[PDB]
Amino acid sequence: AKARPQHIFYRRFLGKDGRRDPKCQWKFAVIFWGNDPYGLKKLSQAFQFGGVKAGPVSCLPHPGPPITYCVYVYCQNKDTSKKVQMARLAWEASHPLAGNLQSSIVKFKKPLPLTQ
Amino acid sequence: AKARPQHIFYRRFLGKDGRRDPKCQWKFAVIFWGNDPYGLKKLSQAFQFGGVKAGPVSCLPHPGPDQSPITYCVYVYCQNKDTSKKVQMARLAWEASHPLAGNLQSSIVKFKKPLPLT
Ligand SMILES: [Mg+2]
């Protein structure tokens, strides 16, 4: 529903990257974090392609003595991950509505079983 | 509460790596993933030190067509790559120590930018 235009933006932005190469192992990702969770929720729903899959929204730990929500985006190759980092950054500049998420590229040693 | 014995195992195991070393930035972590949430929950509650902080349990995606176990995971954020591997060992010790605990797969994590954890 609400995350739909954002989805199409990434759809043509990522281009070839969205399609999945069965050989590549899921070893990199992009973590987005902000204070407004529903924004991340729409980001999570938007980044759903064969080649780029976002996990659900969750938190980072903070010592109690404001919650920080985050969403992890998993991508087949390091090249793609940077692209996702740009993709959102473009949307943020493109659409003034969208809040400004901080982010960081993620590097896994051992691959993950996203598929097969 | 139920993850008290597990917490104390790590408390002594990690030793000084549990401390802050405040100069350090958080750019490393360890992702644990398996098919049993509540084991990961207990892990998450156990890993809670000044130098090692675990996020809550979450999932990894799967595609609609794929038959899947609905695997869950927890991130364990750290000071340095030094602590991150130690974390990986710490859990493996507990897994070999206590046969009860299901054997989680895991992976050391590396971040580009530091995360806001202080
Ligand atoms: Mg803006």
# chains A, B, ... in the order shown; residues from 1 in each chain; ligands from 1
>>> residues_near_ligand(ligand="ligand 1", cutoff="12 Å", atoms="only C-alpha atoms and all ligand atoms", output="MDAnalysis selection string")
chainID A and resid 88:101
>>> closest_atom_pairs(of="region 11-58 of chain A", to="region 109-114 of chain B", cutoff="10 Å", atoms="only C-alpha atoms", output="JSON lines")
{"residue": "A:27", "atom": "CA", "partner": "B:109", "partner_atom": "CA", "distance": 9.6}
{"residue": "A:28", "atom": "CA", "partner": "B:110", "partner_atom": "CA", "distance": 9.2}
{"residue": "A:29", "atom": "CA", "partner": "B:111", "partner_atom": "CA", "distance": 9.4}
{"residue": "A:30", "atom": "CA", "partner": "B:111", "partner_atom": "CA", "distance": 9.0}
{"residue": "A:31", "atom": "CA", "partner": "B:111", "partner_atom": "CA", "distance": 8.9}
>>> write_last_selection(atoms="C-alpha atoms", output="PDB file, in the first residue's frame")
ATOM      1  CA  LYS A  27      27.395 -11.571   2.330  1.00  0.00           C
ATOM      2  CA  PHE A  28      26.702  -7.827   2.463  1.00  0.00           C
ATOM      3  CA  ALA A  29      23.878  -5.565   3.582  1.00  0.00           C
ATOM      4  CA  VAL A  30      22.895  -1.983   4.436  1.00  0.00           C
ATOM      5  CA  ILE A  31      21.679  -0.981   7.879  1.00  0.00           C
TER       6      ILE A  31
END
>>> residues_around(residues="region 4-16 of chain A", least_positions_apart="6", cutoff="12 Å", atoms="only C-alpha atoms", output="PyMOL selection string")
chain A and resi 39-54+75+79-92+94-95+97-98
>>> write_last_selection(atoms="C-alpha atoms", output="PDB file, in the first residue's frame")
ATOM      1  CA  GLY A  39       9.392   5.272   8.036  1.00  0.00           C
ATOM      2  CA  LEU A  40      11.672   2.255   8.290  1.00  0.00           C
ATOM      3  CA  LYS A  41       8.672  -0.036   7.983  1.00  0.00           C
ATOM      4  CA  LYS A  42       7.945   1.451   4.566  1.00  0.00           C
ATOM      5  CA  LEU A  43      11.627   1.204   3.675  1.00  0.00           C
ATOM      6  CA  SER A  44      11.581  -2.441   4.687  1.00  0.00           C
ATOM      7  CA  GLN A  45       8.532  -3.139   2.547  1.00  0.00           C
ATOM      8  CA  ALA A  46      10.005  -1.198  -0.366  1.00  0.00           C
ATOM      9  CA  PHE A  47      13.331  -3.040  -0.596  1.00  0.00           C
ATOM     10  CA  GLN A  48      11.885  -6.388  -1.649  1.00  0.00           C
ATOM     11  CA  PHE A  49      13.457  -7.733  -4.837  1.00  0.00           C
ATOM     12  CA  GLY A  50      15.078 -10.989  -5.904  1.00  0.00           C
ATOM     13  CA  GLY A  51      18.499  -9.423  -5.440  1.00  0.00           C
ATOM     14  CA  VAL A  52      17.758  -7.129  -2.501  1.00  0.00           C
ATOM     15  CA  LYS A  53      15.760  -8.306   0.501  1.00  0.00           C
ATOM     16  CA  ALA A  54      15.126  -6.231   3.619  1.00  0.00           C
ATOM     17  CA  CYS A  75      22.291  -7.771  -0.974  1.00  0.00           C
ATOM     18  CA  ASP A  79      28.659  -3.454  -5.483  1.00  0.00           C
ATOM     19  CA  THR A  80      24.914  -3.731  -4.988  1.00  0.00           C
ATOM     20  CA  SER A  81      25.020  -2.698  -1.359  1.00  0.00           C
ATOM     21  CA  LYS A  82      26.498   0.679  -2.124  1.00  0.00           C
ATOM     22  CA  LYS A  83      23.774   1.055  -4.713  1.00  0.00           C
ATOM     23  CA  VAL A  84      21.089   0.508  -2.095  1.00  0.00           C
ATOM     24  CA  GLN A  85      22.813   3.088   0.102  1.00  0.00           C
ATOM     25  CA  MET A  86      22.609   5.539  -2.799  1.00  0.00           C
ATOM     26  CA  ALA A  87      19.088   4.478  -3.772  1.00  0.00           C
ATOM     27  CA  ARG A  88      17.607   5.587  -0.467  1.00  0.00           C
ATOM     28  CA  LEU A  89      19.810   8.680  -0.361  1.00  0.00           C
ATOM     29  CA  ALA A  90      18.412   9.641  -3.769  1.00  0.00           C
ATOM     30  CA  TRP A  91      14.827   9.134  -2.581  1.00  0.00           C
ATOM     31  CA  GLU A  92      15.564  11.331   0.437  1.00  0.00           C
ATOM     32  CA  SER A  94      14.165  13.432  -4.407  1.00  0.00           C
ATOM     33  CA  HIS A  95      11.136  13.384  -2.086  1.00  0.00           C
ATOM     34  CA  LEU A  97       8.557  14.069   2.615  1.00  0.00           C
ATOM     35  CA  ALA A  98      10.903  11.204   3.500  1.00  0.00           C
TER      36      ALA A  98
END
>>> residues_around(residues="region 37-43 of chain B", least_positions_apart="3", cutoff="10 Å", atoms="only C-alpha atoms", output="ChimeraX atom specification")
/B:1-4,6-7,32-34,46-48,54-59,70-76,91,101-104
>>> interface_residues(of="chain A", to="chain B", cutoff="8 Å", atoms="only C-alpha atoms", output="number ranges by chain")
A: 50, 53-56, 58-63, 103-111, 114-116
>>> select_by_dssp(residues="chain B", states="strand (DSSP E or B)", output="MDAnalysis selection string")
chainID B and resid 26:34 48 52:54 58:59 72:78 105:115
>>> atom_distance(atom1="CA of residue 12 (chain B)", atom2="CA of residue 25 (chain B)")
23.0 Å
>>> decode(residues="region 79-96 of chain A", atoms="N, CA, C and O atoms", output="mmCIF file, in the first residue's frame")
data_model
loop_
_atom_site.group_PDB
_atom_site.id
_atom_site.type_symbol
_atom_site.label_atom_id
_atom_site.label_comp_id
_atom_site.auth_asym_id
_atom_site.auth_seq_id
_atom_site.Cartn_x
_atom_site.Cartn_y
_atom_site.Cartn_z
ATOM 1 N N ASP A 79 28.995 -4.498 -4.517
ATOM 2 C CA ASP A 79 28.659 -3.454 -5.483
ATOM 3 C C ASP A 79 27.216 -3.033 -5.325
ATOM 4 O O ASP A 79 26.915 -1.852 -5.343
ATOM 5 N N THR A 80 26.339 -4.007 -5.162
ATOM 6 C CA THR A 80 24.914 -3.731 -4.988
ATOM 7 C C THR A 80 24.607 -2.978 -3.715
ATOM 8 O O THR A 80 23.740 -2.118 -3.713
ATOM 9 N N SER A 81 25.300 -3.313 -2.636
ATOM 10 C CA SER A 81 25.020 -2.698 -1.359
ATOM 11 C C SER A 81 25.206 -1.196 -1.413
ATOM 12 O O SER A 81 24.373 -0.436 -0.887
ATOM 13 N N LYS A 82 26.279 -0.745 -2.048
ATOM 14 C CA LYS A 82 26.498 0.679 -2.124
ATOM 15 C C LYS A 82 25.344 1.283 -2.873
ATOM 16 O O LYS A 82 24.895 2.374 -2.554
ATOM 17 N N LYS A 83 24.876 0.569 -3.882
ATOM 18 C CA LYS A 83 23.774 1.055 -4.713
ATOM 19 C C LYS A 83 22.516 1.272 -3.912
ATOM 20 O O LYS A 83 21.782 2.226 -4.134
ATOM 21 N N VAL A 84 22.246 0.377 -2.974
ATOM 22 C CA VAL A 84 21.089 0.508 -2.095
ATOM 23 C C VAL A 84 21.277 1.731 -1.209
ATOM 24 O O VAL A 84 20.331 2.482 -0.961
ATOM 25 N N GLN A 85 22.495 1.931 -0.730
ATOM 26 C CA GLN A 85 22.813 3.088 0.102
ATOM 27 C C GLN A 85 22.580 4.387 -0.653
ATOM 28 O O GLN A 85 22.100 5.351 -0.076
ATOM 29 N N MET A 86 22.875 4.381 -1.947
ATOM 30 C CA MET A 86 22.609 5.539 -2.799
ATOM 31 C C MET A 86 21.132 5.669 -3.112
ATOM 32 O O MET A 86 20.596 6.767 -3.104
ATOM 33 N N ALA A 87 20.493 4.533 -3.390
ATOM 34 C CA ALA A 87 19.088 4.478 -3.772
ATOM 35 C C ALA A 87 18.200 5.223 -2.793
ATOM 36 O O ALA A 87 17.370 6.044 -3.188
ATOM 37 N N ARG A 88 18.372 4.923 -1.513
ATOM 38 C CA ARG A 88 17.607 5.587 -0.467
ATOM 39 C C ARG A 88 18.003 7.059 -0.357
ATOM 40 O O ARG A 88 17.157 7.936 -0.183
ATOM 41 N N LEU A 89 19.289 7.318 -0.459
ATOM 42 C CA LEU A 89 19.810 8.680 -0.361
ATOM 43 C C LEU A 89 19.270 9.563 -1.487
ATOM 44 O O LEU A 89 19.064 10.756 -1.309
ATOM 45 N N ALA A 90 19.014 8.948 -2.645
ATOM 46 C CA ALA A 90 18.412 9.641 -3.769
ATOM 47 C C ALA A 90 16.948 9.964 -3.465
ATOM 48 O O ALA A 90 16.500 11.090 -3.670
ATOM 49 N N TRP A 91 16.215 8.970 -2.965
ATOM 50 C CA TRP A 91 14.827 9.134 -2.581
ATOM 51 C C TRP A 91 14.668 10.233 -1.555
ATOM 52 O O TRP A 91 13.703 10.991 -1.596
ATOM 53 N N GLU A 92 15.613 10.324 -0.627
ATOM 54 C CA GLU A 92 15.564 11.331 0.437
ATOM 55 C C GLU A 92 15.700 12.737 -0.104
ATOM 56 O O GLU A 92 15.006 13.666 0.333
ATOM 57 N N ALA A 93 16.590 12.895 -1.077
ATOM 58 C CA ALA A 93 16.772 14.188 -1.744
ATOM 59 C C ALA A 93 15.635 14.429 -2.736
ATOM 60 O O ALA A 93 15.140 15.530 -2.860
ATOM 61 N N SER A 94 15.238 13.374 -3.428
ATOM 62 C CA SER A 94 14.165 13.432 -4.407
ATOM 63 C C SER A 94 12.835 13.864 -3.770
ATOM 64 O O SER A 94 12.204 14.823 -4.209
ATOM 65 N N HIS A 95 12.416 13.132 -2.748
ATOM 66 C CA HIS A 95 11.136 13.384 -2.086
ATOM 67 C C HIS A 95 11.369 14.028 -0.728
ATOM 68 O O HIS A 95 11.917 13.393 0.180
ATOM 69 N N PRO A 96 10.930 15.312 -0.580
ATOM 70 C CA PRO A 96 11.207 16.023 0.683
ATOM 71 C C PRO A 96 10.465 15.440 1.872
ATOM 72 O O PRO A 96 10.878 15.629 3.025
#
